[PDB]
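Asker: Would you mind keeping the following structure in view while I ask a few things?
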RNA sequence: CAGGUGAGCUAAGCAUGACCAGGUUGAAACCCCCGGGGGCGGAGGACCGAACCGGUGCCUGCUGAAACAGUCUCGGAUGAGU
RNA sequence: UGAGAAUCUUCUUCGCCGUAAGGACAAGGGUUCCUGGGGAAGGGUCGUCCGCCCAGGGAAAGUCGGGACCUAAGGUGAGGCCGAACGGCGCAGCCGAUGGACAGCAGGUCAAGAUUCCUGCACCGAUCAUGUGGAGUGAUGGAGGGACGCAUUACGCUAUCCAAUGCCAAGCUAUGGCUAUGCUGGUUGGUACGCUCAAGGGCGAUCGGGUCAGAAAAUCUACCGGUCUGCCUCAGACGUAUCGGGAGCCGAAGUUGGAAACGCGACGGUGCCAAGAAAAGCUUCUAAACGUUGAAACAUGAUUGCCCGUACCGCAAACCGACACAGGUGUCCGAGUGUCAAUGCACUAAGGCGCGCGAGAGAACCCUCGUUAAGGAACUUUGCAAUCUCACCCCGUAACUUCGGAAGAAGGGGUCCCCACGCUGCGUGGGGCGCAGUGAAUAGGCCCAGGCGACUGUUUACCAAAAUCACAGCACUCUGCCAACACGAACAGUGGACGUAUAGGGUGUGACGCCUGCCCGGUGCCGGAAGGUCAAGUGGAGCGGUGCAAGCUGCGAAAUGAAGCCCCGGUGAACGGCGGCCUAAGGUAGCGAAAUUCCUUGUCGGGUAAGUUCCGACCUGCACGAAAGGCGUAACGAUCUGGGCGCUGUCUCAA
Ligand SMILES: [Mg+2]
Ligand SMILES: [Mg+2]
Ligand SMILES: [Mg+2]
Ligand SMILES: [Mg+2]
Ligand SMILES: [Mg+2]
Ligand SMILES: [Mg+2]
Ligand SMILES: [Mg+2]
Ligand SMILES: [Mg+2]
Ligand SMILES: [Mg+2]
Ligand SMILES: [Mg+2]
Ligand SMILES: [Mg+2]
Ligand SMILES: [Mg+2]
Ligand SMILES: [Mg+2]
Ligand SMILES: [Mg+2]
Ligand SMILES: [Mg+2]
Ligand SMILES: [Mg+2]
Ligand SMILES: [Mg+2]
Ligand SMILES: [Mg+2]
Ligand SMILES: [Mg+2]
Ligand SMILES: [Mg+2]
Ligand SMILES: [Mg+2]
Ligand SMILES: [Mg+2]
Ligand SMILES: [Mg+2]
Ligand SMILES: [Mg+2]
Ligand SMILES: [Mg+2]
Ligand SMILES: [Mg+2]
Ligand SMILES: [Mg+2]
Ligand SMILES: [Mg+2]
Ligand SMILES: [Mg+2]
Ligand SMILES: [Mg+2]
Ligand SMILES: [Mg+2]
Ligand SMILES: [Mg+2]
Ligand SMILES: [Mg+2]
Ligand SMILES: [Mg+2]
Ligand SMILES: [Mg+2]
Ligand SMILES: [Mg+2]
Ligand SMILES: [Mg+2]
Ligand SMILES: [Mg+2]
Ligand SMILES: [Mg+2]
Ligand SMILES: [Mg+2]
Ligand SMILES: [Mg+2]
Ligand SMILES: [Mg+2]
Ligand SMILES: [Mg+2]
Ligand SMILES: [Mg+2]
Ligand SMILES: [Mg+2]
Ligand SMILES: [Mg+2]
Ligand SMILES: [Mg+2]
Ligand SMILES: [Mg+2]
Ligand SMILES: [Mg+2]
Ligand SMILES: [Mg+2]
Ligand SMILES: [Mg+2]
Ligand SMILES: [Mg+2]
Ligand SMILES: [Mg+2]
Ligand SMILES: [Mg+2]
Ligand SMILES: [Mg+2]
Ligand SMILES: [Mg+2]
Ligand SMILES: [Mg+2]
Ligand SMILES: [Mg+2]
Ligand SMILES: [Mg+2]
Ligand SMILES: [Mg+2]
Ligand SMILES: [Mg+2]
Ligand SMILES: [Mg+2]
Ligand SMILES: [Mg+2]
Ligand SMILES: [Mg+2]
Ligand SMILES: [Mg+2]
Ligand SMILES: [Mg+2]
Ligand SMILES: [Mg+2]
Ligand SMILES: [Mg+2]
Ligand SMILES: [Mg+2]
Ligand SMILES: [Mg+2]
Ligand SMILES: [Mg+2]
Ligand SMILES: [Mg+2]
Ligand SMILES: [Mg+2]
Ligand SMILES: [Mg+2]
Ligand SMILES: [Mg+2]
Ligand SMILES: [Mg+2]
């Protein structure tokens, strides 16, 4: 009974990846929003 | 002489299929088929535009010569009439005296190997590309230009014909397949005669999917949609009221053309 | 209401690859004897039935083995297929 | 073993999967791999054990996958087109495998890696040297080719499996027998070389002309004319050698007959229509340039061979399901016996496992089951469920029909063992055994008659699969090509469509058959456009301020101003209407107690002992009706309704 999470590394990083977020002002906003919150992770890149 | 079937299956009796005997059984021409058709209904932004275009058989384009003006004065031999997807009309391969091969629409008749003559001075044989000026009045012609150069745009579905009528100082009147009486410039080329495979129109599809083989996804009525998706909404039974389409309008009688400069360029008789 | 995040589930499209045991039936066309008989041929959104795809009816399950299943039964099964 | 054992280790039986519950991969996980140790907690009990804790090792590539190559969709994108901003597009080029391209196989082994390492022997490209040759090379450009669908199907062959009184290897046996003709196991992989055997497969061949063809070039392509079975090829087999492996107590044998792939020969043949990528590598040409007494190429030797991945799990206890989860998870291989066939069913090889609480006991009750007197649907909303039917062969099969079908209609018969005979395992006779012969497993209940929908199909992830939806067919209607139509800040760009009226868009009917009547009054729309009305604008005649006045300035008509509406025709496969003891008309066919009937269990007939159901007539159609289609229709349905056969614990009535 198929589940929501089928992992896929190229998909996980093509979406969600730091280079992917940097392409868009929303994603650069996600990046700085995380740097400010001070997360250790910041992206699926880590 | 279209092929038929016995009813060995429930939906095979009503089917019809075209007569391929005269088509030459050969591969399309490796250079003339640039191929590469994407075959998507989704347009530039991925949103459905012409609704219900779907899968079906993959096709290739084969480039067709619509202007037929760079070969003026050169004879051509008809290599082989042959099948083509993406056209209601069959097309004819032809080899030029300088050895160029090129595709064209097939007129009705035209047995393989017939000579054809493009240009201004070429005689009104079947298959020649001619200016409207040299065409005698009342002859059957297809592959009609709307403007000099560019290419043929009128009469190109199977069996369509255009009728020359009178003549002006340059412009020549013609009867379009709708019966529209439109003027067209003297320098427009045309191919004499009617298009080949004249009786495509009588083919019966005979089952649902056979149109899927043509890439036509099922076409829903808006009688079935919920009022969210179509102005023919729910209604607990089945009906209609007001007669409007997807985005609302009039599908039974409404004038839809606009107020273009094209309107003065044809006698008003139309459809 | 605003600006975002999501088609890795699912709803479709596109490009490109792959899969569908076996058995039944015997369309044209082609060839003989007088549309009919014989051969021949191997067509089909044809038949039966595994994978596979799907969920027809009861029952069980009901603080489950499982936040939608299980046994049995059932639909298709070369096509509008997976 | 141990402090402690139903559970950890080993041995011998047992049972369970075996197109898997075996094996190999991809994902994806990340040390879970191996060794030595540990016992808190995680392990549904235990625990000395573990996929858990600790420490330490294991992971090797010029040839496998990717990269240093190519391109599809897609994403980019100097220039370029747009757009309050952020940005949206966008030619070339570039990225981008799921595809194209490309050089090795056989064997061995750590505790743990293997086309990687080692052993044997190959190939690839590159550089250089020696020599032959001793001169032409021959581009981001041209050309060929690479380059492709589906179904069937002929011939050879391999993988691979079967048989034997073929060979080889080892030993026994005993129970009552066999003394081996019995039992068990094995019975070739690679490479090199052949005047060895070989289906199948490919390919014609130059001379010349024309410029108008490939940008120009061209000795290469295309066009055009003249000119005469054969070559090439090995799939695979056979021999010699060799190098391995090889049952076994270091190394034996390697035969004969048969079966046989989706694999190989091949890019085979044939049929079909829905008409089936691109690009570089590659082959061939010249342009420019470099030379034409240190060429292209070939032979040998030497030298060089970069990056990333490879452990382990990988239909699952190591991935997705919060779990050591009955769930799912793409590709490949998947033996034998029997059974028409098969990846089916039953048993089993290899291999793998008994599902991480156990032991008793044999109450009620509950779940999955086996048999059941007599009766047989009486049960009940309904035969729901459970019987019954069951595979193959022979015989035989209706109303109806679109002539194809209904059809596996129905119904009856055979089925096992032995012997003789005939034919190529069948048929022919005979005999035999049981209750019984598809002996166990898998393996249709059928008929009559309706309603609805023609049909295959599609659907509400997780209470509805249908009479819904779609469907071919039909109809209206639009749209002349920057087409109507749609996405869109957009004279951007796209889709329609590299389509052009036999096409494209919308709407509704929904195969086929006979058909589809009346009513333009309202509403819509299409035409007309004498007249009515109608904005800004043009006009500014006049009515007023304020100044001594020039002048400045607030209002401001008439006429003239478009579409559009009022008005006038028409249009129904436009929205619709076709009735109440005047409205535009008032129901053409067909049907009718309907899926439509309130009164209603309508009346009569049918069928049952008994029929609110059901079927056929009637018509009083509350409240049918003609492409929101009317009347039929063969075939079809996990569709609904009524009946009958058959058999059943559904039931009498439970044991
Ligand atoms: Mg889930
Ligand atoms: Mg990283
Ligand atoms: Mg339609
Ligand atoms: Mg609805
Ligand atoms: Mg609406
Ligand atoms: Mg409505
Ligand atoms: Mg209704
Ligand atoms: Mg719309
Ligand atoms: Mg079928
Ligand atoms: Mg049938
Ligand atoms: Mg479904
Ligand atoms: Mg069935
Ligand atoms: Mg001790
Ligand atoms: Mg203890
Ligand atoms: Mg011992
Ligand atoms: Mg496995
Ligand atoms: Mg990985
Ligand atoms: Mg271990
Ligand atoms: Mg250990
Ligand atoms: Mg412990
Ligand atoms: Mg414990
Ligand atoms: Mg254990
Ligand atoms: Mg490496
Ligand atoms: Mg090596
Ligand atoms: Mg590679
Ligand atoms: Mg872009
Ligand atoms: Mg790519
Ligand atoms: Mg690949
Ligand atoms: Mg290779
Ligand atoms: Mg060792
Ligand atoms: Mg190993
Ligand atoms: Mg196939
Ligand atoms: Mg024997
Ligand atoms: Mg040369
Ligand atoms: Mg396969
Ligand atoms: Mg390139
Ligand atoms: Mg491994
Ligand atoms: Mg790893
Ligand atoms: Mg869960
Ligand atoms: Mg599990
Ligand atoms: Mg097999
Ligand atoms: Mg087997
Ligand atoms: Mg067998
Ligand atoms: Mg089985
Ligand atoms: Mg395992
Ligand atoms: Mg166990
Ligand atoms: Mg039971
Ligand atoms: Mg009984
Ligand atoms: Mg009886
Ligand atoms: Mg009763
Ligand atoms: Mg019943
Ligand atoms: Mg019911
Ligand atoms: Mg039942
Ligand atoms: Mg009759
Ligand atoms: Mg018949
Ligand atoms: Mg029968
Ligand atoms: Mg007897
Ligand atoms: Mg008998
Ligand atoms: Mg039996
Ligand atoms: Mg049984
Ligand atoms: Mg239906
Ligand atoms: Mg069916
Ligand atoms: Mg549901
Ligand atoms: Mg359901
Ligand atoms: Mg434009
Ligand atoms: Mg309808
Ligand atoms: Mg009644
Ligand atoms: Mg009734
Ligand atoms: Mg009806
Ligand atoms: Mg009665
Ligand atoms: Mg009745
Ligand atoms: Mg009607
Ligand atoms: Mg209907
Ligand atoms: Mg039937
Ligand atoms: Mg169905
Ligand atoms: Mg019944």
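No value in this document is a laboratory result; all are computed from the given coordinates. All Cβ positions, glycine included, derive from the backbone under ideal geometry; neighbour counts span all protein chains shown.
Asker: Please report, for the Cα atoms of chain A, the Rg to one decimal and the Dmax as a whole number; what are they, in angstrom?
Answerer: Every Cα atom of chain A included, Rg and Dmax give 12.4, 40 Å.
Asker: Compare the peptides B:116-125, B:254-263, B:186-195 by average per-residue count of other Cβ atoms within 10 angstrom and give them in order, highest first.
Answerer: Details: B:116-125: 16.7, B:254-263: 7.7, B:186-195: 22.4.
Per-residue Cβ counts within 10 Å, averaged per peptide and sorted highest first, yield B:186-195, B:116-125, B:254-263.
Asker: If r is the Cβ-Cβ distance from residue A:8 to residue B:246 and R0 is 41 Å, what FRET efficiency results, to the nearest 0.05?
Answerer: Values: r = 37 Å, r/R0 = 0.91.
That gives a FRET efficiency of 0.65.
Asker: Also: Using a Gaussian network model of chain B with C-alpha springs under 10 Å, which one of B:208, B:18, B:198 is most mobile by mean-square fluctuation?
Answerer: B:208
Asker: Can you sort A:18, B:66 from fewest to most other Cβ atoms within 10 Å of each residue's own Cβ? Each step should come with its number before you reach the end.
Answerer: Details: A:18 15, B:66 19.
Fewest to most other Cβ atoms nearby, the residues stand as A:18, B:66.
Asker: Hey, another quick one. Quick one: grab the alpha carbon gyration tensor of the protein assembly as shown, order the square roots of its eigenvalues as a ≥ b ≥ c, and give me rounded if a/c is under 1.5, else prolate or oblate depending on whether a/b is larger than b/c. Walk me through the intermediate numbers first.
Answerer: Working: a/c = 1.86, a/b = 1.69, b/c = 1.10.
Cα axes put the protein assembly as shown in the prolate bin.
Asker: Okay, next question. Remind me, relative contact order of the stretch B:188-238 in percent, using alpha carbon pairs under 8 angstrom and six or more residues apart?
Answerer: Relative contact order for the stretch B:188-238 comes out at 17 percent.
Asker: Here's a follow-up. For helix A:25-37, report the angle its Cα long axis makes with the longest principal axis of the Cα atoms of chain A; keep it between 0 and 90° and round to the nearest 10°.
Answerer: Relative to chain A, helix A:25-37 is tipped by roughly 80 degrees.
Asker: Return the distance in nm (one decimal) between the two label points of a simple spin-label model at residue B:63 and residue A:16, each offset 7 Å from Cα along Cα→Cβ.
Answerer: Distance between the two pseudo-spin positions: 4.7 nm.
Asker: Now, a different point. Summing -39500 (n - 2.57) over the DSSP H runs of n ≥ 4 in chain A and dividing by its residue number, what mean residue ellipticity at 222 nm do you reach, to the nearest 500 deg cm²/dmol? Intermediate values should be presented prior to the final figure.
Answerer: Numbers: 3 runs with 24 residues, N = 46.
It comes out at -14000 deg cm²/dmol, rounded to the nearest 500.
Asker: Once label points are set 7 Å from the Cα along Cα→Cβ at both residue B:21 and residue B:169, what is their separation, rounded to one decimal in nm?
Answerer: Result: 5.5 nm between the two label points.
Asker: While we're looking at this one, here's another question. How many angstrom separate the Cα center of the stretch B:24-70 from the Cα center of the stretch A:6-46?
Answerer: 40 Å
Asker: Can I ask one more? Within 10 Å of each residue's Cβ, count the other Cβ atoms and sort B:26, B:217 from fewest upward.
Answerer: B:26, B:217
Asker: Let me ask you something else. Once you treat every alpha carbon in the stretch B:113-176 as an equal point and sum by Debye, what is log10 I(q)/I(0) at q = 0.21 Å⁻¹?
Answerer: -0.92
Asker: Then there's this: Which value in deg cm²/dmol, rounded to the nearest 500, describes the helix-derived mean residue ellipticity at 222 nm for chain B, given -39,500 (n - 2.57) per DSSP H run of n ≥ 4 and division by the residue count? Show your work: numbers first, answer last.
Answerer: Values: 1 runs with 5 residues, N = 271.
Value at 222 nm, helices only: -500 deg cm²/dmol.
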